[PDB]
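Below you'll find the structure, written out as structure tokens, and then a few comments.
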Amino acid sequence: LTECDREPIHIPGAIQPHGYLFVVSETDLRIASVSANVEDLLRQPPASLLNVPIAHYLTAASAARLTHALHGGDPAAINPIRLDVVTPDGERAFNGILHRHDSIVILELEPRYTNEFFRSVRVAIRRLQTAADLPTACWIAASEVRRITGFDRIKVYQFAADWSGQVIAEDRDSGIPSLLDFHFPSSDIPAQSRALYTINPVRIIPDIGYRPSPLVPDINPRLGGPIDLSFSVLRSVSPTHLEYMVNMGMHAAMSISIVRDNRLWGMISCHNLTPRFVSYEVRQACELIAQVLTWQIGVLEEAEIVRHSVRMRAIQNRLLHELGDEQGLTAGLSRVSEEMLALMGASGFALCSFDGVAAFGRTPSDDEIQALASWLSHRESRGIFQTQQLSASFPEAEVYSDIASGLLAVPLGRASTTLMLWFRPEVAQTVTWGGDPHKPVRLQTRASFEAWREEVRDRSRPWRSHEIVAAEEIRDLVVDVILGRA
Amino acid sequence: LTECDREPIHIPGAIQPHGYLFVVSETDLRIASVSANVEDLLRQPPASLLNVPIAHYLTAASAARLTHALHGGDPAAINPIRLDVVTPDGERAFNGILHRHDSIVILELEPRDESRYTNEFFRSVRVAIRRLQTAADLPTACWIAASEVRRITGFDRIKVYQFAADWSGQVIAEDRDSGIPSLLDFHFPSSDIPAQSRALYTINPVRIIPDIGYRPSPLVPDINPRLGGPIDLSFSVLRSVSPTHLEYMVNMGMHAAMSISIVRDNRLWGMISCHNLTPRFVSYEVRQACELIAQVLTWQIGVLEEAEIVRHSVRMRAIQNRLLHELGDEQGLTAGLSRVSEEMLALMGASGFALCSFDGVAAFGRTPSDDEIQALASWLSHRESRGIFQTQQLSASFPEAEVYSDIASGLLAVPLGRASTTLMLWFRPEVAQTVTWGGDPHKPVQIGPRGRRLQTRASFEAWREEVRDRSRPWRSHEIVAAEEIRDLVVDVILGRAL
Ligand SMILES: */C=C/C1=C(C)C(=O)N/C1=C\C1=NC(=C\c2[nH]c(/C=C3\NC(=O)C(C=C)=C3C)c(C)c2CCC(=O)O)/C(CCC(=O)O)=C1C
Ligand SMILES: */C=C/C1=C(C)C(=O)N/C1=C\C1=NC(=C\c2[nH]c(/C=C3\NC(=O)C(C=C)=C3C)c(C)c2CCC(=O)O)/C(CCC(=O)O)=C1C
């Protein structure tokens, strides 16, 4: 497990030959380190070229652009820089991808779009923005990716709390295999890969079986440690993970992080049969989709709540009056119980006092919710508690599996414990993974990615964010009436 | 027309007889005043009920439901309240709409118009909302709110009306039943919803006139038991409205009207106006969902705006890049602009732009003469603002620009510094557009019998006008790329101190 976490993926001393790197002390822009693969391009030796002014390499026009872009700077949205390299053959040019990190400066060379193009992306974005829900937004995101990257398969993979994931949307060309609901374990994106991706959000491997060029030399020329190659686009990628890809059987891979409030939310993973490369530009457009999709994630969240303000208004009104006039509160509840229970996805709900309990629907008896309450107190919040699987973190609960696998708990008090608990019952479901996910490898890639299935119990259906808000708006009501009457 | 503005619509002495008003001195909730039409429900007469336990008129449960609602105090979202009124003739059930104002309590009773609101209804508004939220652009979204409103209120015609800088507006979306006359795109003058109306509508967002030919029951009496003045029915739903307007409506062919305000950043943005040929009433519960649609619509306007921006990062990011690299790297900034000009212009949606200092001018595209921009910029200096300036008709505020109207009626002026010495101006040329009106907008009223200024004009047929002197509207997103372009010019210029 944690052995997977421990590799340095950021320092390999190597790259991907579909491009050419350089490191520079900037003052006159002297090549402080360069990559092996350079020789096929200028036909000269390798360490010879160290401490050499880059500029005589660059057509006049080009060289000047480089220098400016460095302090060009506004707003470090200088990439890509169109360069032309002076050479033995004659006129041939590049896209240049420059960055600074750890007091050294890196420049990478990569291969070189119209009014028709922007429009393609504009409409990508429109569709995404007008998506009705999250599953649908993800799909639009997958295909618009697919459409503009020409890849055989796009997946939107979203992390679960445990850093296991699930492919929640896919789009593939006719005659390409599918991973469309598959889960995969945390081993698959180790804690370090993950954390790198949270700040470097796009990466590509245009041929998964590349010829790794190393660096002449591999040292930081101004701080003298290992070269930290994190924000290099050409940074050669862990061999571990590499065979992994011939295993899936895809001869190219790209992926764009989905980052949401600085926590990685998921990835767009992209697979093609033949090797394939697409220009920086397209990856940029991809990242801009990925971005929009991230933003949408929340607007869909706000929207889902609104869609449901209506029962809510109505129910408030009823609930209000129906509790309003009766000579008991506890009574007043019973009457609206069902529509409420129905509003929440729920089979039952309790109110546990220090001094008793009021139970409604499918719940555990009076004795044991007070047990449940007692337990709730310790948790490292006095805010809402929620889960689909109670017994995961409360093994005393495996018994209510049948009727409370899922619990929503809302305190009335600002930090008081007199609570409203909503229960939901088990719902068995079947999840499919890569292979025996109890056998994910530490060592190399596991052999197989064919569907493997597993029967989960003691778990309720997920709590939707908006049902939570209604719990709250409901506590808000019982709170008021509870107050109004002393 | 400031007299049209002076008619005080919140102090009539009457209500609309489809409902019954009250007002109560509050402890024992004794009745302090009522409307004439009360007579029809309780064969007794006004004064026989003045100052009495209102609850004497209610069932055990209703009275308490009311009383418990008197400090209901769950927001003021207690409305409507099921009241059951005891009567001579058989039993009578009302929707009760309680509110406080001018130091008193007012209660109104309106017809319950589902004896049950259902699960089918909830889904209908849910899908109304989903649609409204997934709209592609402001028009479509306006339209959606219209049809969905239409689906649940059933009125023959639903309009979305959007106000402009002068309090004229135009119908920008409409949905109607077959064979109902269309006022889509019709402009209307500010006179038609006069200032005071607008004000009330800004703080009171829904109103209905279920029959435009009603017999206004007045109130016995019209004295506030705590303030003794005339009674304020501002937030009374039942409030008999201006008769000026009432005539507007027969003159319009519609014997019922409901309208929900669209209120955005505490300014009246527009109205959803609903019209039916023959009278119609719709229940409190139904108006409330309409208001809910409007609010979803109100919010959606901004999401739409934001969305329109995001959609345009790409030309932007591009021009940004080509710019940085192409424009720094040419040995003039002037020279740089020269190049990226058309794309810029194209992104800007503009025929021309310049960069005048106090000490020079750099013009690109089709612009005014240098002398003429040099003067624009002086004038721009006296304005009391230092931010973006925008007009579709420059000559309206700067009449000396009439001359260049043909090539710059629209100006988007954006300052480099906070010191507004040197600015980047974008030009757009007058454009022909033909717009159509309610009636002639040049006599928006006529003198009524006895010599006053309150008659609605006789007709709302298309009147058309050719307008040639105003440019294309400056769009929110366009302004943004201007700001962004500015930001780039700045770096170069800064970068190049020396
Ligand atoms: C503990 C070693 C590893 C096991 C076992 C394993 O399965 N992976 C292991 C290490 C790494 N994976 C790296 C990158 C990476 N992994 C994925 C995994 C997926 N690709 C998919 O398409 C899906 C699901 C549909 C999954 C779960 C991706 C997308 C990536 C990023 C690159 C890409 O595939 O496009 C990785 C990082 C190496 C590095 O970046 O240097 C390691 C170490
Ligand atoms: C200055 C005298 C008035 C003229 C002339 C006039 O046209 N209106 C005048 C006064 C009032 N109008 C009132 C309410 C009101 N007006 C409108 C106007 C429109 N309705 C439409 O559908 C369109 C265009 C398609 C327009 C321009 C509306 C919508 C309303 C609100 C009621 C409704 O929905 O019909 C008014 C207020 C009376 C009150 O509320 O007491 C006054 C005084």
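Chain labels A, B, ... are given in the sequence in which chains occur in the structure tokens; within each chain residues are numbered consecutively from 1, and ligands are likewise numbered from 1 in the order shown.
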**Q.** Picked from region 95-270 of chain B by DSSP as alpha helix (DSSP H), as number ranges by chain
**A.** B: 119-133, 138-153, 195-203, 243-250
Just C-alpha atoms for this one: save the residues we selected as a PDB file, in the first residue's frame.
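Output (selection.pdb):
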ATOM      1  CA  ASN B 119     -47.601  15.679  -5.826  1.00  0.00           C
ATOM      2  CA  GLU B 120     -48.327  16.307  -9.526  1.00  0.00           C
ATOM      3  CA  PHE B 121     -48.063  19.989  -9.010  1.00  0.00           C
ATOM      4  CA  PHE B 122     -44.714  19.783  -7.269  1.00  0.00           C
ATOM      5  CA  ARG B 123     -43.232  17.971 -10.196  1.00  0.00           C
ATOM      6  CA  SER B 124     -44.697  20.500 -12.586  1.00  0.00           C
ATOM      7  CA  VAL B 125     -42.873  23.351 -10.954  1.00  0.00           C
ATOM      8  CA  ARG B 126     -39.784  21.159 -10.518  1.00  0.00           C
ATOM      9  CA  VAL B 127     -39.583  20.562 -14.195  1.00  0.00           C
ATOM     10  CA  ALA B 128     -40.426  24.181 -14.879  1.00  0.00           C
ATOM     11  CA  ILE B 129     -37.433  25.076 -12.885  1.00  0.00           C
ATOM     12  CA  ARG B 130     -35.094  22.536 -14.367  1.00  0.00           C
ATOM     13  CA  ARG B 131     -35.935  23.928 -17.745  1.00  0.00           C
ATOM     14  CA  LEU B 132     -35.496  27.459 -16.709  1.00  0.00           C
ATOM     15  CA  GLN B 133     -32.064  26.669 -15.376  1.00  0.00           C
ATOM     16  CA  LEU B 138     -31.536  35.158 -21.772  1.00  0.00           C
ATOM     17  CA  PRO B 139     -34.271  35.104 -24.382  1.00  0.00           C
ATOM     18  CA  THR B 140     -34.867  31.477 -24.159  1.00  0.00           C
ATOM     19  CA  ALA B 141     -34.933  31.587 -20.483  1.00  0.00           C
ATOM     20  CA  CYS B 142     -37.477  34.418 -20.582  1.00  0.00           C
ATOM     21  CA  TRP B 143     -39.555  32.440 -22.782  1.00  0.00           C
ATOM     22  CA  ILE B 144     -39.428  29.396 -20.639  1.00  0.00           C
ATOM     23  CA  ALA B 145     -40.656  31.263 -17.582  1.00  0.00           C
ATOM     24  CA  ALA B 146     -43.475  32.503 -19.750  1.00  0.00           C
ATOM     25  CA  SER B 147     -44.690  29.162 -20.929  1.00  0.00           C
ATOM     26  CA  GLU B 148     -44.307  27.516 -17.566  1.00  0.00           C
ATOM     27  CA  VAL B 149     -46.228  30.292 -15.854  1.00  0.00           C
ATOM     28  CA  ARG B 150     -48.676  29.796 -18.639  1.00  0.00           C
ATOM     29  CA  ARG B 151     -49.021  26.059 -17.998  1.00  0.00           C
ATOM     30  CA  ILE B 152     -49.903  26.590 -14.378  1.00  0.00           C
ATOM     31  CA  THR B 153     -51.976  29.730 -14.359  1.00  0.00           C
ATOM     32  CA  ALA B 195     -42.953  55.817 -10.938  1.00  0.00           C
ATOM     33  CA  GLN B 196     -44.997  55.079  -7.873  1.00  0.00           C
ATOM     34  CA  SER B 197     -46.256  51.891  -9.380  1.00  0.00           C
ATOM     35  CA  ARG B 198     -42.648  50.822 -10.009  1.00  0.00           C
ATOM     36  CA  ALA B 199     -41.772  51.626  -6.461  1.00  0.00           C
ATOM     37  CA  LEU B 200     -44.474  49.497  -4.960  1.00  0.00           C
ATOM     38  CA  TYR B 201     -43.742  46.771  -7.361  1.00  0.00           C
ATOM     39  CA  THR B 202     -40.226  46.914  -6.195  1.00  0.00           C
ATOM     40  CA  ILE B 203     -41.172  46.016  -2.681  1.00  0.00           C
ATOM     41  CA  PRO B 243     -58.798  53.115 -12.183  1.00  0.00           C
ATOM     42  CA  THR B 244     -56.452  54.812 -14.734  1.00  0.00           C
ATOM     43  CA  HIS B 245     -54.939  51.419 -15.203  1.00  0.00           C
ATOM     44  CA  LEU B 246     -58.216  49.638 -15.192  1.00  0.00           C
ATOM     45  CA  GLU B 247     -59.128  51.454 -18.360  1.00  0.00           C
ATOM     46  CA  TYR B 248     -55.797  50.628 -19.879  1.00  0.00           C
ATOM     47  CA  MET B 249     -56.848  47.114 -19.591  1.00  0.00           C
ATOM     48  CA  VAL B 250     -60.266  47.248 -21.180  1.00  0.00           C
TER      49      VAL B 250
END
Q: Write out as a ChimeraX atom specification every residue belonging to chain A that has an atom at most 8 Å from any atom of chain B, counting only C-alpha atoms.
A: /A:64-65,68-69,72,74,77-81,118,122,125-126,129-132,292,303,306-308,310-311,317,320-321,324-325,477,480
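The smallest atom-to-atom distance between residue 30 (chain A) and any of A:67, A:393, A:257, A:186, using only C-alpha atoms, is found for A:67.
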Q: Grab the CA of residue 158 (chain B) to CA of residue 312 (chain A) distance for me, in Å with one decimal place.
A: 26.2 Å
Q: Using only C-alpha atoms and all ligand atoms, find each protein or nucleic acid residue lying at most 8 Å from ligand 1; present the set as a count of residues only.
A: 57
Any chance you could tabulate, as JSON lines, the residues of chain B at most 6 Å from ligand 2 with each one's nearest atom pair and distance in Å to one decimal, using only C-alpha atoms and all ligand atoms, in chain and rising number order?
{"residue": "B:4", "atom": "CA", "partner": "ligand 2", "partner_atom_place_in_ligand_line": "1 (C)", "distance": 3.7}
{"residue": "B:9", "atom": "CA", "partner": "ligand 2", "partner_atom_place_in_ligand_line": "41 (O)", "distance": 4.7}
{"residue": "B:188", "atom": "CA", "partner": "ligand 2", "partner_atom_place_in_ligand_line": "27 (C)", "distance": 5.2}
{"residue": "B:191", "atom": "CA", "partner": "ligand 2", "partner_atom_place_in_ligand_line": "1 (C)", "distance": 5.1}
{"residue": "B:192", "atom": "CA", "partner": "ligand 2", "partner_atom_place_in_ligand_line": "7 (O)", "distance": 3.3}
{"residue": "B:193", "atom": "CA", "partner": "ligand 2", "partner_atom_place_in_ligand_line": "16 (N)", "distance": 4.6}
{"residue": "B:194", "atom": "CA", "partner": "ligand 2", "partner_atom_place_in_ligand_line": "1 (C)", "distance": 5.6}
{"residue": "B:197", "atom": "CA", "partner": "ligand 2", "partner_atom_place_in_ligand_line": "37 (C)", "distance": 5.0}
{"residue": "B:241", "atom": "CA", "partner": "ligand 2", "partner_atom_place_in_ligand_line": "41 (O)", "distance": 3.2}
{"residue": "B:242", "atom": "CA", "partner": "ligand 2", "partner_atom_place_in_ligand_line": "41 (O)", "distance": 4.3}
{"residue": "B:244", "atom": "CA", "partner": "ligand 2", "partner_atom_place_in_ligand_line": "10 (C)", "distance": 5.6}
{"residue": "B:245", "atom": "CA", "partner": "ligand 2", "partner_atom_place_in_ligand_line": "12 (N)", "distance": 4.5}
{"residue": "B:248", "atom": "CA", "partner": "ligand 2", "partner_atom_place_in_ligand_line": "7 (O)", "distance": 5.9}
{"residue": "B:257", "atom": "CA", "partner": "ligand 2", "partner_atom_place_in_ligand_line": "35 (O)", "distance": 4.7}
{"residue": "B:258", "atom": "CA", "partner": "ligand 2", "partner_atom_place_in_ligand_line": "34 (O)", "distance": 4.5}
{"residue": "B:259", "atom": "CA", "partner": "ligand 2", "partner_atom_place_in_ligand_line": "34 (O)", "distance": 4.1}
{"residue": "B:273", "atom": "CA", "partner": "ligand 2", "partner_atom_place_in_ligand_line": "34 (O)", "distance": 5.0}
{"residue": "B:444", "atom": "CA", "partner": "ligand 2", "partner_atom_place_in_ligand_line": "5 (C)", "distance": 5.5}
{"residue": "B:445", "atom": "CA", "partner": "ligand 2", "partner_atom_place_in_ligand_line": "5 (C)", "distance": 4.8}
{"residue": "B:454", "atom": "CA", "partner": "ligand 2", "partner_atom_place_in_ligand_line": "2 (C)", "distance": 5.0}
{"residue": "B:456", "atom": "CA", "partner": "ligand 2", "partner_atom_place_in_ligand_line": "5 (C)", "distance": 4.5}
What would the file look like if the residues just selected were written as a tab-separated table (two decimals), in the first residue's frame with N, CA and C atoms?
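Once everything was written out, this is again14.tsv:
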chain	number	residue	atom	x	y	z
B	4	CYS	N	-49.21	61.78	-13.54
B	4	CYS	CA	-49.44	60.31	-13.60
B	4	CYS	C	-48.74	59.68	-12.42
B	9	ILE	N	-51.75	55.25	-4.94
B	9	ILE	CA	-52.57	54.09	-5.22
B	9	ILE	C	-52.77	53.20	-4.02
B	188	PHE	N	-42.85	50.03	-24.82
B	188	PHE	CA	-43.93	50.72	-24.16
B	188	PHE	C	-43.32	51.89	-23.41
B	191	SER	N	-44.55	55.95	-19.04
B	191	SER	CA	-45.83	56.39	-18.57
B	191	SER	C	-46.65	55.15	-18.13
B	192	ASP	N	-46.43	54.00	-18.74
B	192	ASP	CA	-47.43	52.94	-18.59
B	192	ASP	C	-47.33	52.27	-17.24
B	193	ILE	N	-46.12	52.23	-16.69
B	193	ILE	CA	-45.98	51.85	-15.32
B	193	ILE	C	-45.19	52.96	-14.74
B	194	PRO	N	-45.90	53.95	-14.18
B	194	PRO	CA	-45.51	55.26	-13.67
B	194	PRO	C	-44.71	55.04	-12.43
B	197	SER	N	-45.97	53.29	-9.15
B	197	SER	CA	-46.26	51.89	-9.38
B	197	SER	C	-44.99	51.06	-9.24
B	241	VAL	N	-57.24	48.84	-7.37
B	241	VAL	CA	-56.07	49.49	-7.94
B	241	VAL	C	-56.49	50.77	-8.53
B	242	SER	N	-55.54	51.55	-9.02
B	242	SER	CA	-55.90	52.71	-9.82
B	242	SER	C	-56.94	52.44	-10.90
B	244	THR	N	-57.20	54.54	-13.50
B	244	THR	CA	-56.45	54.81	-14.73
B	244	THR	C	-56.07	53.51	-15.42
B	245	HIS	N	-55.43	52.66	-14.66
B	245	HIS	CA	-54.94	51.42	-15.20
B	245	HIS	C	-56.06	50.52	-15.68
B	248	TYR	N	-56.88	51.14	-19.06
B	248	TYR	CA	-55.80	50.63	-19.88
B	248	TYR	C	-56.12	49.26	-20.35
B	257	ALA	N	-55.65	40.37	-15.07
B	257	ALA	CA	-54.26	40.71	-15.13
B	257	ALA	C	-53.58	40.28	-13.87
B	258	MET	N	-52.40	39.66	-13.97
B	258	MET	CA	-51.57	39.31	-12.82
B	258	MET	C	-50.16	39.64	-13.24
B	259	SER	N	-49.37	40.10	-12.31
B	259	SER	CA	-48.01	40.44	-12.66
B	259	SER	C	-47.04	40.16	-11.54
B	273	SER	N	-45.95	39.77	-16.95
B	273	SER	CA	-47.31	40.22	-16.92
B	273	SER	C	-48.20	39.16	-17.53
B	444	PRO	N	-49.20	59.31	-24.96
B	444	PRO	CA	-49.31	58.11	-24.11
B	444	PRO	C	-50.50	58.13	-23.13
B	445	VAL	N	-51.39	59.09	-23.36
B	445	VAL	CA	-52.55	59.37	-22.52
B	445	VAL	C	-53.49	60.27	-23.31
B	454	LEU	N	-55.51	61.31	-16.81
B	454	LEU	CA	-55.43	59.87	-16.49
B	454	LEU	C	-56.00	58.81	-17.48
B	456	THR	N	-55.95	56.20	-20.35
B	456	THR	CA	-55.11	55.39	-21.20
B	456	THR	C	-55.48	55.63	-22.66
Q | Surrounding residues of residue 429 (chain B) excluding itself and chain neighbours under 5 positions, 12 Å, only C-alpha atoms, as a PyMOL selection string | A | chain B and resi 349-353+365-368+391-395+402-412+468-474
Those residues you just picked out, can you put them in a file as an mmCIF file, in the first residue's frame with N, CA and C atoms?
data_model
loop_
_atom_site.group_PDB
_atom_site.id
_atom_site.type_symbol
_atom_site.label_atom_id
_atom_site.label_comp_id
_atom_site.auth_asym_id
_atom_site.auth_seq_id
_atom_site.Cartn_x
_atom_site.Cartn_y
_atom_site.Cartn_z
ATOM 1 N N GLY B 349 -15.831 43.668 -31.276
ATOM 2 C CA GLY B 349 -17.057 43.922 -31.979
ATOM 3 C C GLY B 349 -17.150 45.380 -32.300
ATOM 4 N N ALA B 350 -16.090 45.824 -32.968
ATOM 5 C CA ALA B 350 -15.853 47.238 -33.074
ATOM 6 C C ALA B 350 -15.164 47.629 -34.379
ATOM 7 N N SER B 351 -15.524 48.811 -34.851
ATOM 8 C CA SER B 351 -14.999 49.335 -36.102
ATOM 9 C C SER B 351 -13.676 50.106 -35.887
ATOM 10 N N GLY B 352 -13.348 50.398 -34.643
ATOM 11 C CA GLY B 352 -12.192 51.240 -34.425
ATOM 12 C C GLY B 352 -11.912 51.417 -32.945
ATOM 13 N N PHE B 353 -10.699 51.877 -32.650
ATOM 14 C CA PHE B 353 -10.252 52.029 -31.271
ATOM 15 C C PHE B 353 -9.021 52.841 -31.300
ATOM 16 N N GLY B 365 -8.227 51.154 -36.901
ATOM 17 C CA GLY B 365 -9.513 50.880 -37.505
ATOM 18 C C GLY B 365 -10.073 52.143 -38.091
ATOM 19 N N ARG B 366 -11.394 52.145 -38.187
ATOM 20 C CA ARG B 366 -12.157 53.326 -38.507
ATOM 21 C C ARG B 366 -12.416 54.187 -37.259
ATOM 22 N N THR B 367 -11.715 55.305 -37.063
ATOM 23 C CA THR B 367 -11.981 56.127 -35.896
ATOM 24 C C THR B 367 -12.308 57.543 -36.252
ATOM 25 N N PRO B 368 -12.716 58.339 -35.286
ATOM 26 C CA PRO B 368 -12.695 59.757 -35.610
ATOM 27 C C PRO B 368 -11.314 60.350 -35.872
ATOM 28 N N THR B 391 -21.464 54.030 -24.107
ATOM 29 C CA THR B 391 -22.692 54.611 -24.603
ATOM 30 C C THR B 391 -22.998 54.002 -25.918
ATOM 31 N N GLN B 392 -24.261 54.016 -26.326
ATOM 32 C CA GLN B 392 -24.563 53.553 -27.687
ATOM 33 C C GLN B 392 -24.815 54.774 -28.460
ATOM 34 N N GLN B 393 -25.010 55.858 -27.765
ATOM 35 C CA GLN B 393 -25.229 57.109 -28.422
ATOM 36 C C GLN B 393 -24.386 58.155 -27.757
ATOM 37 N N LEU B 394 -23.269 58.429 -28.346
ATOM 38 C CA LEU B 394 -22.332 59.251 -27.686
ATOM 39 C C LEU B 394 -22.940 60.635 -27.724
ATOM 40 N N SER B 395 -23.611 60.943 -28.826
ATOM 41 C CA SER B 395 -23.923 62.349 -29.045
ATOM 42 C C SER B 395 -24.993 62.852 -28.105
ATOM 43 N N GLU B 402 -21.863 64.772 -32.660
ATOM 44 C CA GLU B 402 -22.838 64.431 -33.679
ATOM 45 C C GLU B 402 -22.218 64.161 -35.018
ATOM 46 N N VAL B 403 -21.136 64.866 -35.273
ATOM 47 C CA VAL B 403 -20.525 64.884 -36.577
ATOM 48 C C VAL B 403 -20.067 63.493 -36.978
ATOM 49 N N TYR B 404 -19.260 62.871 -36.112
ATOM 50 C CA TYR B 404 -18.894 61.512 -36.298
ATOM 51 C C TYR B 404 -19.908 60.426 -35.946
ATOM 52 N N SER B 405 -21.153 60.751 -35.612
ATOM 53 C CA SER B 405 -22.204 59.754 -35.373
ATOM 54 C C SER B 405 -22.150 58.515 -36.272
ATOM 55 N N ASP B 406 -21.874 58.708 -37.577
ATOM 56 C CA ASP B 406 -21.776 57.623 -38.563
ATOM 57 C C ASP B 406 -20.749 56.524 -38.171
ATOM 58 N N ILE B 407 -19.651 56.855 -37.515
ATOM 59 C CA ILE B 407 -18.641 55.850 -37.265
ATOM 60 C C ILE B 407 -18.384 55.496 -35.776
ATOM 61 N N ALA B 408 -18.877 56.367 -34.892
ATOM 62 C CA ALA B 408 -18.767 56.265 -33.444
ATOM 63 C C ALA B 408 -19.992 56.835 -32.787
ATOM 64 N N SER B 409 -21.015 56.038 -32.663
ATOM 65 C CA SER B 409 -22.133 56.423 -31.865
ATOM 66 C C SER B 409 -21.943 55.687 -30.533
ATOM 67 N N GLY B 410 -21.210 54.597 -30.639
ATOM 68 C CA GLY B 410 -20.953 53.801 -29.487
ATOM 69 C C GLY B 410 -19.492 53.962 -29.203
ATOM 70 N N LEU B 411 -19.210 54.144 -27.935
ATOM 71 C CA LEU B 411 -17.886 54.382 -27.449
ATOM 72 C C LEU B 411 -17.775 53.525 -26.218
ATOM 73 N N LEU B 412 -16.730 52.760 -26.107
ATOM 74 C CA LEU B 412 -16.513 52.127 -24.815
ATOM 75 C C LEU B 412 -15.206 52.707 -24.292
ATOM 76 N N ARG B 468 -31.860 55.459 -36.355
ATOM 77 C CA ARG B 468 -30.583 55.369 -37.046
ATOM 78 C C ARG B 468 -29.374 55.844 -36.368
ATOM 79 N N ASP B 469 -29.453 56.301 -35.107
ATOM 80 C CA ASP B 469 -28.343 57.111 -34.520
ATOM 81 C C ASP B 469 -27.640 56.592 -33.302
ATOM 82 N N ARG B 470 -27.893 55.344 -32.998
ATOM 83 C CA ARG B 470 -27.492 54.669 -31.823
ATOM 84 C C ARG B 470 -26.846 53.389 -32.324
ATOM 85 N N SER B 471 -25.790 52.961 -31.661
ATOM 86 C CA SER B 471 -25.002 51.815 -32.114
ATOM 87 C C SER B 471 -25.438 50.521 -31.476
ATOM 88 N N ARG B 472 -24.643 49.467 -31.690
ATOM 89 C CA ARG B 472 -24.998 48.203 -31.087
ATOM 90 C C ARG B 472 -24.706 48.315 -29.668
ATOM 91 N N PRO B 473 -25.561 47.719 -28.836
ATOM 92 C CA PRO B 473 -25.509 47.593 -27.375
ATOM 93 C C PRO B 473 -24.163 47.128 -26.960
ATOM 94 N N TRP B 474 -23.610 47.664 -25.855
ATOM 95 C CA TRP B 474 -22.279 47.211 -25.411
ATOM 96 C C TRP B 474 -22.540 45.994 -24.527
#
**Q.** Between CA of residue 6 (chain B) and CA of residue 215 (chain B), distance in Å (one decimal)
**A.** 23.6 Å
Contacts of region 362-370 of chain A within 7 Å, only C-alpha atoms, excl. fewer than 4 positions in-chain, as a PDB file with N, CA and C atoms, in the first residue's frame:
ATOM      1  N   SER A 347     -37.024   6.302   5.644  1.00  0.00           N
ATOM      2  CA  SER A 347     -37.985   5.390   6.208  1.00  0.00           C
ATOM      3  C   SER A 347     -38.334   5.676   7.638  1.00  0.00           C
ATOM      4  N   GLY A 348     -37.719   6.664   8.243  1.00  0.00           N
ATOM      5  CA  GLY A 348     -38.010   6.873   9.636  1.00  0.00           C
ATOM      6  C   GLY A 348     -37.123   7.959  10.215  1.00  0.00           C
ATOM      7  N   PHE A 349     -37.512   8.506  11.361  1.00  0.00           N
ATOM      8  CA  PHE A 349     -36.798   9.611  11.905  1.00  0.00           C
ATOM      9  C   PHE A 349     -37.121   9.840  13.388  1.00  0.00           C
ATOM     10  N   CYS A 352     -34.029  12.761  19.484  1.00  0.00           N
ATOM     11  CA  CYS A 352     -33.659  12.235  20.782  1.00  0.00           C
ATOM     12  C   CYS A 352     -33.291  13.288  21.799  1.00  0.00           C
ATOM     13  N   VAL A 357     -37.322  10.325  23.690  1.00  0.00           N
ATOM     14  CA  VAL A 357     -37.183  10.141  22.280  1.00  0.00           C
ATOM     15  C   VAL A 357     -38.597  10.180  21.705  1.00  0.00           C
ATOM     16  N   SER A 374     -25.722   9.269  22.051  1.00  0.00           N
ATOM     17  CA  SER A 374     -24.626   9.249  22.987  1.00  0.00           C
ATOM     18  C   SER A 374     -23.324   9.217  22.190  1.00  0.00           C
ATOM     19  N   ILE A 403     -32.610  -1.317   8.629  1.00  0.00           N
ATOM     20  CA  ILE A 403     -33.508  -0.169   8.650  1.00  0.00           C
ATOM     21  C   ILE A 403     -32.824   1.189   8.840  1.00  0.00           C
ATOM     22  N   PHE A 423     -33.431   8.027   9.386  1.00  0.00           N
ATOM     23  CA  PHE A 423     -32.852   6.770   8.966  1.00  0.00           C
ATOM     24  C   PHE A 423     -33.234   6.350   7.560  1.00  0.00           C
TER      25      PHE A 423
END
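The shell of residues at most 10 Å from region 460-462 of chain B, with only C-alpha atoms counted and near chain neighbours (fewer than 4 positions) removed, consists of residues 181, 182, 183, 186, 187, 188, 248, 251, 252, 253, 435, 436, 437, 438, 439, 440 and 441 of chain B.
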(Q) According to DSSP computed on the backbone, where in region 64-178 of chain B is there strand (DSSP E)? Give the residues as a PyMOL selection string. (A) chain B and resi 81-85+92-101+104-111+157-163+169-176
Q: To one decimal in Å, tell me the separation between CA of residue 63 (chain A) and CA of residue 94 (chain A).
A: 12.5 Å
Q | Among listed residues B:238, B:265, B:255, B:24, nearest residue 302 (chain B) (using only C-alpha atoms) | A | B:265
Q: With a distance cut-off of 10 Å and only C-alpha atoms, select the neighbouring residues of residue 416 (chain A), excluding the residue or stretch itself and same-chain residues fewer than 5 positions from it, and output the selection as JSON, numbers by chain.
A: {"A": [377, 382, 383, 411]}
